[PDB]
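For reference, the chains in residue letters:
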Amino acid sequence: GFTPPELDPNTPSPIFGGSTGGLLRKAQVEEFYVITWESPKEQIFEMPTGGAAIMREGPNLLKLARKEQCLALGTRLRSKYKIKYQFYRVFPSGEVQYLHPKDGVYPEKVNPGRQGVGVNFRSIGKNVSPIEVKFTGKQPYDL
Amino acid sequence: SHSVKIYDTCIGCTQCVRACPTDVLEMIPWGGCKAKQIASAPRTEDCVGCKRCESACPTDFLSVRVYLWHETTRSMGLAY
Amino acid sequence: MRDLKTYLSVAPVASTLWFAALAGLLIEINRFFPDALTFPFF
Amino acid sequence: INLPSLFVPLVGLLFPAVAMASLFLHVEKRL
Amino acid sequence: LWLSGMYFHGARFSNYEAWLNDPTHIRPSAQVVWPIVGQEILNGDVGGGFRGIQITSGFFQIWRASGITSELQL
Amino acid sequence: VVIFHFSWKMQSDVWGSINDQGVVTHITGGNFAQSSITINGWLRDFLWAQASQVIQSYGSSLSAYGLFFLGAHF
Amino acid sequence: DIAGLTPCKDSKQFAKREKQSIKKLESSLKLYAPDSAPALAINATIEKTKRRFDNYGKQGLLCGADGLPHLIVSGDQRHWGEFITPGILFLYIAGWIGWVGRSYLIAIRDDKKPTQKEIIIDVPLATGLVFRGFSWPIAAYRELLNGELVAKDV
Amino acid sequence: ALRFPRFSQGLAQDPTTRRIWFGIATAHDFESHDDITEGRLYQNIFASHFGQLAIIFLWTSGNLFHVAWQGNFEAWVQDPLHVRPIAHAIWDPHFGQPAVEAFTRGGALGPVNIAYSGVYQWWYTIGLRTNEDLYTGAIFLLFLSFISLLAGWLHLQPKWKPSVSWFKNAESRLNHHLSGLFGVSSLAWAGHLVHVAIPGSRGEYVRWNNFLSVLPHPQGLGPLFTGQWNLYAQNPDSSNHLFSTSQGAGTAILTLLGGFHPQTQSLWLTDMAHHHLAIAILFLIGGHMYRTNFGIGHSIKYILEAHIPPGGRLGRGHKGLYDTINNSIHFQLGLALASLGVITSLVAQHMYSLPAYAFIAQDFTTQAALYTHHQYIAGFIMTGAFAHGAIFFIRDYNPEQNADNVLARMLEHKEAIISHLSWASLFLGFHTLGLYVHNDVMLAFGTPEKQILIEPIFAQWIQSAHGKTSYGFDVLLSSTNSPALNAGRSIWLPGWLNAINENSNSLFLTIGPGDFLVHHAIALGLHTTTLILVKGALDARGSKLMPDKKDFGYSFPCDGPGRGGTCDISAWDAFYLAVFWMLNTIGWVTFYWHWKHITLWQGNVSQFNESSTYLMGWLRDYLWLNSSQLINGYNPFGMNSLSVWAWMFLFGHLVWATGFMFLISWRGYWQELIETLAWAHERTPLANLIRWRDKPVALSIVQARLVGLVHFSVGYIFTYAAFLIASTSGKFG
Ligand code: CLA
Ligand code: CLA
Ligand code: CLA
Ligand code: CLA
Ligand SMILES: CC1=C(/C=C/C(C)=C/C=CC(/C)=C/C=C/C=C(C)/C=C/C=C(C)/C=C/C2=C(C)CCCC2(C)C)C(C)(C)CCC1
Ligand SMILES: CC1=C(/C=C/C(C)=C/C=CC(/C)=C/C=C/C=C(C)\C=C\C=C(C)\C=C\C2=C(C)CCCC2(C)C)C(C)(C)CCC1
Ligand SMILES: CC1=C(C/C=C(\C)CCC[C@H](C)CCC[C@H](C)CCCC(C)C)C(=O)c2ccccc2C1=O
Ligand code: SF4
Ligand code: SF4
């Protein structure tokens with residue numbers, strides 16, 4: 001069921017002159033994110049944190065401090081440059097966690113191997129009033 | 001972590017999925033409409049609460065609802 | 001001419017002409033009967 | 001001996017200092 | 001158009017020559033109000049046998065510095 | 001703040017009337033140096049003191065200025 | 001009289017205020033030439049003030065201790081000219097305006113694009129409609145009685 | 001858990017400073033706390049009520065102690081009209097020598113504060129004379145607060161904590177409160193007035209050590225049980241009676257005169273004792289209405305359900321209302337706050353026109369301070385009542401159990417209510433502002449005689465109907481053969497007519513066009529504030545823009561920028577916007593009251609009459625004119641006793657202004673600024689050795705609105721209090 005690609009260190013990182021928008025202590029003690037793509041040719045792109053960087057020929061790896069930054073970079077790589085990308089979440093313990101595209105196909109296209117999470121089989125107007133769920137730990141929408 | 005719910009009025013237009021800026025929503029197989037699709041929210045732990053998904057839903061009322069809940073460092077969108 | 005009439009009836013232009021006419025009418029009424037605080041005719 | 005002279009500093013400097021220290025310790029640490 | 005309006009108002013509805021004869025004495029003015037709803041009180045005594053609204057735009061000084069002496073030039 | 005500073009300084013230390021002996025009587029008697037160093041002085045010796053001219057303007061040719069004062073507040 | 005006020009015609013502070021106003025106006029007049037344009041304007045204003053005060057005394061307005069006219073709106077028939085017949089006139093005019101506008105809105109509500117006739121006023125239709133406000137007091141009354149003034153089903 | 005707050009597990013896991021803020025701002029919202037039940041909620045409320053009672057008793061005890069310790073009471077009672085009462089001493093090491101010189105007043109040995117709460121007059125009237133009495137009262141109240149805390153703790157403990165079924169016993173609680181809390185309390189107050197205050201106002205000093213040896217009346221209790229009660233009113237105090245002396249004193253203990261005491265210009269003490277006795281009788285009788293354990297009386301719910309009109313104009317009437325009121329605590333709190341605000345405003349309106357404390361009518365600054373006090377508190381209470389009504393709609397309302405009753409029908413035609421209230425507000429605002437601007441333009445052109453001065457003829461007619469004879473309307477009480485006038489000629493009308501027609505007090509002031517215009521401004525304010533609050537409440541459960549609002553809670557930032565944008569869509573935000581209008585309306589009320597009274601106290605009511613009709617008159621003749629001594633409280637040539645107010649006047653101007661910050665600038669800007677600040681701190685030598693433990697974040701949207709409103713209100717109140725006290729006290733007249 002789509003073995004997620006394994007993060008490969010030693011892959012070159014994009015040409016960048018340094019910035020004040022990079023990683024901070026959260027990356028050191030909590031978590032940080034890594035995005036990888038291929039880019040057929042060397043070209044200049046807009047970084048999600050600072051100015052402009054140049055993608056090296058072949059594989060490129062970039063580490064960001066936020067998942068939203070990774071998604072913005074992936075969207076720009078997918079729509080402007082027509083490049084396929086994947087990014088991971090890295091913990092200080094040394095763990096890596098494949099994140100996106102979770103099942104090899106982007107979440108936009110329906111896949112037969114996905115289960116429903118948080119789907120309510122009713123219209124939004126058929127939720128109970130708060131009084132019916134008062135003094136119970138549940139919320140009217142959680143039902 | 002904010003709570004995102006998908007209601008059965010969803011028409012599987014996919015516009016909410018295109019809008020999420022943290023990859024929280026998905027499209028899953030379904031049988032109650034013409035598209036055989038419906039939205040899912042399996043990764044609400046990464047939801048930032050932007051409610052950009054709701055702005056894209058064409059049904060009335062909405063088929064995707066975001067209920068802001070307990071805040072985490074991921075939900076607060078903090079890079080430090 | 002036809003398009004001139006059409007544009008000449010658009011909301012802003014029509015409103016300004018209407019209010020200019022109303023202002024002139026009220027100004028003249030006040031000029032003829034100024035300082036009027038009551039209706040004395042009946 | 002002037003009772004106000006003893007208490008005004010006591011309630012305006014000592015009391016807020018001790019209270020703020022204690023409440024900062026209570027609010028700001030894992031239990 | 002705005003500048004032409006300025007110069008015309010200075011030419012017709014102003015006491016420019018009276019001010020020119022005695023600058024420090026007369027207060028410059030280049031706007032009068034018609035008497036309609038008791039607003040003629042705004043036509044104050046600005047000197048030079050004139051009643052109007054005193055102007056602070058400083059046009060009279062510019063015209064004096066340019067050499068304009070009569071209303072024909074304005 | 002810049003225009004307030006300019007106005008008060010000019011009135012206090014520059015503008016005024018000269019006399020025969022050369023004694024300059026300034027519109028405001030040089031109170032800027034000693035009154036402008038506190039906020040209470042700005043509220044009292046500038047705003048309160050100098051608002052008397054505008055608020056009293058009713059019944060005269062400057063009544064329009066008082067009307068605009070109140071309307072601008074509104 | 002009503003509310004302890006006295007008629008302006010026989011009131012004293014009213015006359016004092018009249019005299020003071022004329023004195024203030026005349027003070028400016030003596031500065032200019034006797035027969036200059038400013039002098040003529042000031043004389044016209046003085047005559048206007050005299051006429052105003054005489055008319056206020058004539059109509060029988062009530063003056064308080066301040067010496068200014070006061071309007072009685074309780075409904076006393078001696079003062080219907082102060083608020084009630086002007087009130088009826090206003091109600092007539094305002095109902096004219098509202099009825100004409102409502103008639104226009106109802107008339108243009110049947111087109112495929114009614115908004116087009118709302119940002120660009122269809123003057124031909126409006127000129128025909130404006131005159132219904134002469135008789136709107138009857139049209140609205142029969143509109144209510146006939147039961148179609150108010151949108152049923154709502 | 002595992003950290004502050006312990007009542008919210010969701011907040012305790014917030015890694016930002018938000019946890020602290022929201023930790024403090026939800027401590028008393030028990031319903032939203034984790035693992036909350038019914039009995040737990042009710043017991044917590046009960047204990048908190050005990051804590052509040054203890055705090056109130058401690059506060060009033062502190063007032064007593066300070067007035068007894070650094071006060072002026074013993075000197076004040078010697079000459080109440082020519083000595084300023086002292087609140088408490090000042091010990092500030094920041095004071096300079098001239099400040100110490102300026103602040104030593106009232107015959108004290110050091111800097112002191114002049115009390116304006118009016119406690120001196122109140123304590124003097126009730127009978128307190130020496131500092132020993134004040135000390136005993138303070139000690140008794142300290143004991144009382146300790147007992148209140150003991151009761152709270154006792155009922156916290158198991159085996160003493162009441163069950164929920166006990167809390168919801170409405171019939172017995174109403175019976176006891178009406179017949180006990182209200183009736184017996186007023187009966188006891190009448191007893192004190194008869195036994196201590198009335199003798200105190202006649203020379204005798206009745207105290208604990210001799211009150212059993214002194215007869216309150218020469219024929220004690222003989223007339224009462226025999227039924228010949230008139231003997232208790234046979235010899236009232238003569239009109240030539242000095243207060244605390246026996247010169248011209250009577251023996252009557254109960255009377256009904258209706259006027260004022262000629263010397264103190266306040267209500268007769270005997271009249272007040274009679275009032276309290278009467279209403280005590282009424283409450284005692286009326287508190288036997290509902291059924292308890294004795295098999296007689298009423299059941300409230302049956303009365304409610306039986307009140308349904310035939311014809312179905314009210315639907316099912318009041319059926320089901322007992323259960324929605326008894327089970328919904330927010331409904332109870334809203335009703336209580338509404339009634340409390342109404343009667344607080346009533347207290348404010350009655351205290352200035354019918355003073356009850358001796359020599360307080362001559363203390364002008366005290367009167368003004370008390371009136372403004374009670375009016376602002378009443379406004380806050382009313383706004384809170386509406387807020388809690390909206391909260392009830394959100395939380396405790398059950399649509400099905402309230403099917404077709406008055407509440408549901410209110411909810412289902414909310415739009416007509418809101419639209420008509422909007423029309424009323426629009427009419428009032430349009431025409432009031434139009435008339436004000438017309439008059440102002442008229443005076444701008446130098447033609448005051450062309451103003452639209454409308455005589456408040458209806459109010460003048462009502463005043464004439466009360467007996468005033470300055471408008472010549474000749475109505476009930478102001479006529480001569482009317483049954484209403486003739487019926488009371490021998491009881492209270494003599495004194496009442498003497499007081500009302502007397503034109504140096506505030507009993508029904510003469511009114512004119514300025515009063516008409518300002519009253520219509522008041523009506524505009526009331527209607528618009530009610531519009532905002534009613535709209536916020538009735539639309540709390542949801543509207544067309546957000547039909548599922550009930551599921552989002554009472555307070556939330558918004559619903560995002562979709563559907564056109566949903567800023568300030570909560571009911572909390574409706575209350576938020578209504579607070580501004582409440583402040584504005586109460587400000588108009590107090591401006592009107594203070595200007596009228598400051599011009600009357602100067603014998604210059606004309607000046608107000610001329611200058612009230614137009615707004616420039618309000619701006620110049622009131623704000624600018626009465627603000628010279630205050631702003632001169634300190635200047636480059638020294639300072640005087642008013643400097644403290646001049647400082648506060650500026651302080652209130654600053655707070656208010658910084659309130660504009662949180663109200664105009666919004667979160668995103670501040671969040672990005674704080675992000676760059678965090679980067680900078682983390683990137684600097686020697687300071688990165690120090691590490692924050694809660695991640696800094698910008699204030700929440702709702703929190704920012706609340707903080708901005710709090711700043712706005714604090715600045716409003718402080719600046720107006722400074723102005724009012726300095727201007728009235730500056731002239732002392
Ligand atoms: C809530 C009532 C109250 C209030 C508002 C004040 C206010 C004030 N008191 Mg005071 N006091 C009070 C009650 C009160 N007191 C009581 C009941 C006593 C015992 C009889 C005292 C005994 C006292 C003394 C001896 C002195 C003051 C002084 C002062 C002034 C300077 C500050 C100070 O010394 O702190 C207060 C000092 C104390 C010793 C107070 C202790 C007594 C109470 C029980 C403390 C309450 C703490 C409690 C946890 C919080 C209450 C609830 C809430 C208000 C927070 C100040 C204006 C000083 C002064 O004279 O000013 C120049 C001074 O020396 N007070
Ligand atoms: C000077 C400040 C000011 C003014 C004048 C108003 C005025 C008004 N507020 Mg408002 N408000 C204010 C401050 C102010 N507010 C502040 C600081 C807050 C806190 C955020 C609020 C919050 C608030 C709320 C929540 C609500 C209002 C509402 C209203 C309206 C109530 C209806 C009414 O009274 O009829 C009219 C009152 C008038 C004063 C008439 C104004 C128009 C006059 C006639 C001028 C006409 C234009 C003239 C021809 C010149 C045109 C010039 C040209 C260049 C165009 C009213 C227009 C309520 C509302 O909308 O009513 C339904 C409403 O719900 N206010
Ligand atoms: C008997 C009166 C009463 C009672 C028992 C309650 C009880 C309650 N109210 Mg309520 N309320 C009341 C009156 C009352 N209210 C009034 C009169 C108003 C009108 C202003 C309000 C308006 C109101 C609103 C809008 C809300 C409540 C809410 C609540 C609930 C949670 C409150 C909480 O824990 O927040 C924590 C307490 C605070 C945040 C208070 C700290 C901040 C204050 C305002 C600062 C004080 C001013 C400042 C320090 C003084 C100046 C300092 C210096 C310069 C002198 C709670 C059950 C909230 C709720 O959740 O409903 C379910 C809610 O949103 N109330
Ligand atoms: C009276 C109103 C008021 C005040 C006081 C301020 C104050 C401030 N604004 Mg501001 N602002 C206001 C209105 C106000 N604003 C309004 C209405 C808006 C809407 C447009 C804005 C929008 C705005 C923006 C967008 C920004 C600011 C910023 C700032 C800060 C600039 C930094 C600075 O000056 O350093 C020092 C602070 C001061 C000089 C203020 C007074 C400090 C006093 C003198 C110190 C007293 C200390 C005292 C000993 C404390 C002891 C008390 C103890 C009991 C706690 C400053 C705190 C900027 C900022 O944050 O800076 C990066 C910023 O970006 N404001
Ligand atoms: C929101 C809501 C709420 C609340 C609300 C409110 C609060 C309202 C109000 C209101 C009010 C607050 C009112 C008041 C009133 C009053 C009245 C209505 C009155 C009257 C009248 C009469 C009966 C009179 C009489 C008389 C006499 C006796 C003699 C002399 C004269 C006179 C006339 C005075 C709640 C929570 C509940 C619930 C939910 C909803
Ligand atoms: C006499 C008088 C008075 C008073 C009075 C009163 C108080 C009454 C009333 C009243 C009322 C109680 C009214 C009502 C109403 C109601 C309703 C219900 C209605 C309606 C209407 C409508 C709805 C209309 C519509 C329209 C029109 C017709 C116009 C235009 C168009 C339109 C469509 C808009 C006084 C003393 C002050 C003074 C003197 C005068
Ligand atoms: C200034 C500002 C901030 C930033 C405000 C911050 C970071 C608060 C910093 C204040 C510090 C902590 C000192 C405050 C001192 C207080 C007097 C202390 C009160 C604490 C207790 C006594 C209650 C926002 O986050 C914001 C958000 C949304 C709308 C408007 C605004 C806004 O105006
Ligand atoms: S609120 Fe924003 S982040 Fe959360 S699910 Fe919707 S679009 Fe995605
Ligand atoms: S935008 Fe709405 S309708 Fe479209 S797929 Fe998402 S939830 Fe369904």
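Whatever comes next refers back to the structure up there.
Let's talk about the state of the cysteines
And step 1. In the structure shown here, the tally under the stated rule is one disulfide over all chains.
And step 2. Between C8 of chain G and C63 of chain G runs a disulfide, and the two sulfur atoms are separated by 2.0 Å. Every disulfide takes its handedness from the sign of the S-S torsion; for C8 of chain G and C63 of chain G that torsion is 100 degrees, giving right-handed. In this pair, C8 of chain G sits in the loop between β1 (6-7) and α1 (12-29) while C63 of chain G sits in strand β2 (residues 62-63), placing the two residues 55 residues apart along the sequence.
And step 3. The closest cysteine sulfur to the non-disulfide-bonded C33 of chain B is located on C10 of chain B, 6.8 Å from its own sulfur.

Section: the arrangement of the chains
And step 1. In this assembly, 13 pairs of chains are in contact, and the pair contributing the most contacts is chains A and B.
And step 2. Looking at chain B next to chain D, you find no contact at all, with the nearest C-alpha pair sitting 17 Å apart.
And step 3. Left apart from each other, chain D and chain G have a closest C-alpha approach of 56 Å.

Observations concerning the sheet that holds strand β4 (residues 60-64) of chain A
Residue and element names in this part refer to chain A.
And step 1. Read from one edge of the open sheet, four strands run β4-β1-β5-β6, paired in antiparallel fashion. Of all the strands in the sheet, the pair left with one neighbour each is β4 and β6 (96-100). Between one strand axis and the next, the sheet turns through 25 degrees on average, direction left out of account.
And step 2. With six bridges connecting them, strand β1 (residues 32-37) and strand β5 (residues 85-90) associate as antiparallel partners. By the bridge assignment, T36 is partnered in β5 with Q86.
And step 3. Contacts between helix α2 (residues 67-79) and the sheet are confined to β1, β4, β5 and β6, with β1 contributing the most and set at about 15 degrees to the helix.

Quick notes on the side chain of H374 of chain H
Residue and element names in this part refer to chain H.
And step 1. By secondary structure assignment, the location of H374 is in helix α15 (residues 364-395).
And step 2. Residue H374 is classed as buried on the basis of its relative accessible area, which comes to 17%.
And step 3. Not counting the four nearest positions on each side in its chain, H374 is found in contact with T344, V347 and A348.

Conventions used here
- The numbering shown runs from 1 along each chain in the order of its written sequence and may not match that of the entry; residues for which no coordinates exist are omitted.
- Written order determines the labels here, with chains lettered from A and ligands numbered from 1.
- Remark: the chains included constitute part of a larger assembly, and values are reported for the included chains only.
- Just so you know, side-chain values use all the structure's heavy atoms and leave hydrogens and water out.
- Residues with missing side-chain atoms are left out of burial classes, side-chain pairs and their counts.
- By disulfide we mean two sulfur atoms from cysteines, separated by a distance within 2.5 Å.
- Each helix is a run of H or I in the DSSP string that is no shorter than four residues. Each strand is a run of E no shorter than two, and both are numbered from the N terminus.
- Contact between two residues is taken to exist if any of their heavy atoms lie within 4.5 Å; hydrogens are not considered.
- Think of it this way: DSSP has to see at least two bridges between two strands before they count as a pair.
- Note on definitions: angles span 0 to 180 degrees between N-to-C directions of axes, and those axes are lines fitted to C-alpha atoms, for helices only across the stretch in contact.
- Whether a residue is buried, partly exposed or exposed follows from its accessible area with a 1.4 Å probe, protein chains only, as a fraction of its type maximum: under 20%, in between, or over 50%, in that order.

These results come straight from atomic positions and should not be treated as a statement about function.
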